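Residues take their numbers from the sequence shown, with the count starting at 1.
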Amino acid sequence: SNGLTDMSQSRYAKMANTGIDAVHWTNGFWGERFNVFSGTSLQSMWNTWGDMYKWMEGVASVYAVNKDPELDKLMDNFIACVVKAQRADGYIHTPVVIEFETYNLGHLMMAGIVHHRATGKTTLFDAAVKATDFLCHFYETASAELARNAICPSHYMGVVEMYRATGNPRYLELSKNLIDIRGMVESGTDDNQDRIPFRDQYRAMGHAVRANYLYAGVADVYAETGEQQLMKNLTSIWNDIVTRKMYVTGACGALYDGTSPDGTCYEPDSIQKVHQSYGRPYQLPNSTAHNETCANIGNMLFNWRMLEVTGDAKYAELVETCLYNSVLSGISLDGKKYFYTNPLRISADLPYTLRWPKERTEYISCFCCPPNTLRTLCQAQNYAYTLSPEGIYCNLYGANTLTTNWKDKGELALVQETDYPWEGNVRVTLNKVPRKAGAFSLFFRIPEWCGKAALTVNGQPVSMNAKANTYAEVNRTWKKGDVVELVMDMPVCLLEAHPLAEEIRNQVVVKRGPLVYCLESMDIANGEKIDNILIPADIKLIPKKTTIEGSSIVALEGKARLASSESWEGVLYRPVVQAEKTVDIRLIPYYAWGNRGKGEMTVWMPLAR
């Protein structure tokens, strides 16, 4: 009835969200993050002073969980200004919200839907339904060659979410036309994924935000139309991204600037510029990885739609990877500063200055991404579970309550206890089961990273059928007070990459559970230089809780090998040096990088096998 995204009536969906109010984080990783975001980040962003509709959507999303009546009033005031400013035909003149501009309207749609779902009130929603009608007029009337109107890619999702929210067929028809038009124009571009029609695209293409939001939006249309061809496109594009063009943190977009295609084409007039963009297959540089935070949110939201349309746990893995490692990295631990880029390496020898700061900044002003970052992070709880007629799916582990209504039957409430992501032990406790529910299942995702896992029910072992990257089902007539307990082994992992990824050939990245780890220069004993650190393949890395900006994180401590250090000044090639020494290093989670001053950082490190 009521989720952040509601595929509950969608004819070719398989799962749908829990209600926007059903899941609260409690006592761990996400509870702690949620207190920062709700109790600091939102105020801090209003104080520095389209962005606002994202902020507000965030306020409503937080409110759905905590019911702070001071937020409800702060919303009613924001909404009053919005409503006072709207015309009869649905337009809004943005200047007259006091205390080709069709781009802001798309964000009003989602703000209004989310507000409706959280508060019950129709005050902002009616402002949104009108804005939507205005866009339908705008696309029925404006010139075929306005690709620019929809250069806001939020639109595709917002319009399908409005059809979902109203039943109004005009909105679904608009969203179908928006796909059908792509590439029915003179000189579209790879960079705007519109050189060729959508149905001819079987690979990821250009500006990664535009790309990924497109792919998401199309999955949303697929949820409603069941047009198989779209899923033929969406599955080779997903495949292209994930096996060939995605950083290990889930982030997307290797190139600040470049050309598409690269080194394959003989008409140079066919070769176009791209920016903030996907690159060649296996082109995954580190220092110059763009990985705009919103592109990574895009990949997350793409994967979430693919999960709901297919029921396949492998899409849930990507939602998690993205959330911890390329979305949460976008904000500081103090909730106040933001990244635009998410590089996988900072070297102080880097002889040019890339665009965009490389320390987080509290300066929303210029970037339109931090509002999207904060509202997304303010909604993490809306990704923990999904439902279907078969039962309930545990997708993102973390300490929480869930209270849904289970069909026309009554409340079902459960309590999830775990120190995830720091440890791999989950306990689901059933508080309320409605008496007339039959047997029904509780599904537990087994992470792709997880090699062993076991279940118990009230202490009694179940046979574990499932493999990595699939759901373990537990079908049972559940009684009040029942207890399921997932134990996932969560060892330290060393990962290598496909040999065609030259930028990381013969190097290793360290995961533990779902967190990608990195090394910063201040965690190397004796200020020994980060470039000289080698990870032997059989290194023994030891978890140890430690504190950064008042947050308890698991670092990994161990003995790396140290390269002898000849000066690299004015030298490109030289005789391989000895590497007889050792040095104490400490790895921290990537997301927590850059909270301890300026320094050096790398995810991928030399491997000694």
Side-chain angles (χ1 to χ4, degrees), residues 5-17 106 109 135-136 139 147 150-165 167-185 188-246 252 278 295 297-316 318-319 386 388:
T5 44
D6 187 19
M7 298 186 41
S8 64
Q9 313 287 292
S10 298
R11 306 129 172 181
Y12 310 87
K14 311 214 139 188
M15 304 169 172
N17 278 42
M109 296 187 290
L135 298 187
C136 303
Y139 286 104
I151 281 176
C152 211
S154 65
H155 285 202
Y156 295 87
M157 276 167 32
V159 71
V160 175
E161 204 57 38
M162 268 283 179
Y163 164 72
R164 283 163 188 173
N168 180 342
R170 186 147 174 257
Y171 301 161
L172 179 57
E173 280 311 305
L174 161 58
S175 78
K176 281 148 75 170
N177 290 321
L178 289 159
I179 295 170
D180 288 359
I181 273 171
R182 291 202 148 260
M184 309 296 276
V185 150
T189 47
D190 294 347
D191 199 41
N192 190 44
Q193 307 67 44
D194 76 351
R195 192 211 284 263
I196 73 193
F198 181 72
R199 298 183 169 72
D200 301 305
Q201 291 177 41
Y202 295 92
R203 290 179 160 185
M205 208 148 276
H207 189 117
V209 188
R210 293 194 234 170
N212 286 349
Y213 279 91
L214 166 63
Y215 311 145
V218 169
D220 268 337
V221 170
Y222 175 80
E224 312 305 329
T225 71
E227 193 194 352
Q228 287 179 291
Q229 173 54 42
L230 303 174
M231 198 63 23
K232 241 144 200 204
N233 298 108
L234 291 171
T235 56
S236 43
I237 295 174
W238 174 86
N239 196 270
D240 185 30
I241 290 157
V242 156
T243 69
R244 316 202 307 169
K245 296 187 193 176
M246 177 176 85
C252 299
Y278 282 115
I297 294 172
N299 194 35
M300 180 186 160
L301 298 169
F302 177 37
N303 276 266
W304 183 260
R305 271 68 173 163
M306 297 291 291
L307 181 65
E308 302 216 310
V309 161
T310 64
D312 196 318
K314 79 191 189 154
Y315 297 115
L318 280 138
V319 169
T386 50
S388 73

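Annotation: the span from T5 atom OG1 to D220 atom CG amounts to 7.0 Å, rounded to 0.5 Å. In this structure, OH on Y156 lies 10.0 Å from CG on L174, to the nearest 0.5 angstrom. Between the OH atom of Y163 and the OG atom of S10 there is a distance of 7.5 Å, given to the nearest 0.5 Å.
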- Item | side-chain contact (heavy atoms from CB on, under 4.5 Å) assessment of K314 paired with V242 | CA-CA 11 Å; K314 79 191 189 154; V242 156; over 6 Å; no
- Given the rule in the side-chain contact (heavy atoms from CB on, under 4.5 Å) test, do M15 and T310 qualify, once you have shown the distances and angles that lead to the verdict? CA-CA 8 Å; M15 304 169 172; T310 64; over 6 Å; no
- After noting the C-alpha distance and the side-chain angles of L178 and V221, does the key distance pass the side-chain contact (heavy atoms from CB on, under 4.5 Å) rule? CA-CA 10 Å; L178 289 159; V221 170; over 6 Å; no
- Task: Evaluate the criterion side-chain contact (heavy atoms from CB on, under 4.5 Å) for residue pair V309 and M231; output intermediate values, then yes/no.
- Result: CA-CA 10 Å; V309 161; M231 198 63 23; 4.0 Å; yes
- Under the salt bridge (charged side-chain N to carboxylate O under 4.0 Å, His left out) rule, what do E173 and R170 come out as? Steps first, then yes or no, please. CA-CA 5 Å; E173 280 311 305; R170 186 147 174 257; over 6 Å; no
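For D240, the salt bridge (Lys or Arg N to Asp or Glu O under 4.0 Å) partners two or more places apart in sequence, or in a different chain, are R244, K245. In terms of the ring-ring contact (aromatic ring centres under 6.0 Å, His included) criterion, residue partners of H207 (sequence neighbours excluded) are, by chain and number, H275. Judged as a side chain to side chain donor-acceptor pair (under 3.5 Å), and not counting sequence neighbours, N177 has no contacts. The ring-ring contact (aromatic ring centres under 6.0 Å, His included) check on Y278 picks up nothing, with sequence neighbours excluded. With sequence neighbours excluded, the residues satisfying side chain to side chain donor-acceptor pair (under 3.5 Å) with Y202 are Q229. In terms of the side-chain contact (heavy atoms from CB on, under 4.5 Å) criterion, residue partners of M109 (sequence neighbours excluded) are, by chain and number, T132, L135, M162. Contacts of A219 classified as side-chain contact (heavy atoms from CB on, under 4.5 Å), with partners at least two apart in sequence or in another chain: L234, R305, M306. Partners of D312 according to the salt bridge (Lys or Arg N to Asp or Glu O under 4.0 Å) rule, which considers only residues two or more places apart in sequence or in another chain, do not exist here. Every residue meeting the side chain to side chain donor-acceptor pair (under 3.5 Å) condition with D194, not counting sequence neighbours, appears here in chain and number order: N192. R203 pairs by the salt bridge (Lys or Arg N to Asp or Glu O under 4.0 Å) definition with nothing, not counting sequence neighbours. For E161, the salt bridge (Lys or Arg N to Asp or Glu O under 4.0 Å) partners two or more places apart in sequence, or in a different chain, are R117, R164. Listed by chain and number, the residues in a side chain to side chain donor-acceptor pair (under 3.5 Å) with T225 amount to none (sequence neighbours excluded).
In this structure the side chain of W238 reaches within 4.5 angstrom of the side chain of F302, judged on heavy atoms. Considering only heavy atoms from C-beta on, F198 comes within 4.5 Å of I237 through its side chain. You'll find the side chain of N239 stays beyond 4.5 Å of the side chain of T235, heavy atoms only. Looking at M205 and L214, their side chains never come closer than 4.5 Å, going by heavy atoms from C-beta outward. A 4.5 Å side-chain heavy-atom check between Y213 and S154 finds every atom pair outside the cut-off. No side-chain heavy atom of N212 sits less than 4.5 Å from a side-chain heavy atom of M300. Using a 4.5 Å cut-off on side-chain heavy atoms (C-beta onward), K14 and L307 make no contact.
Using modelled atom types, one side-chain atom of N233 and one backbone atom of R199 make a donor-acceptor pair closer than 3.5 Å. In this structure, the side chain of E224 does not engage the main chain of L172 through any donor-acceptor pair within 3.5 Å. In terms of modelled atom types and a separation under 3.5 Å, the side chain of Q193 and the main chain of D191 share a donor-acceptor contact.
A perpendicular orientation is assigned to the rings of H155 and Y139, their planes being inclined by more than 60° (bins at 30° and 60°).
When all heavy atoms of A295 and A208 are compared, the closest pair comes out as CB-CB, 3.8 Å. Between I241 and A204, the shortest heavy-atom contact is CG1-CB, 3.6 Å. Across all their heavy atoms, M157 and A216 have their closest contact at SD-CB, 3.6 Å.
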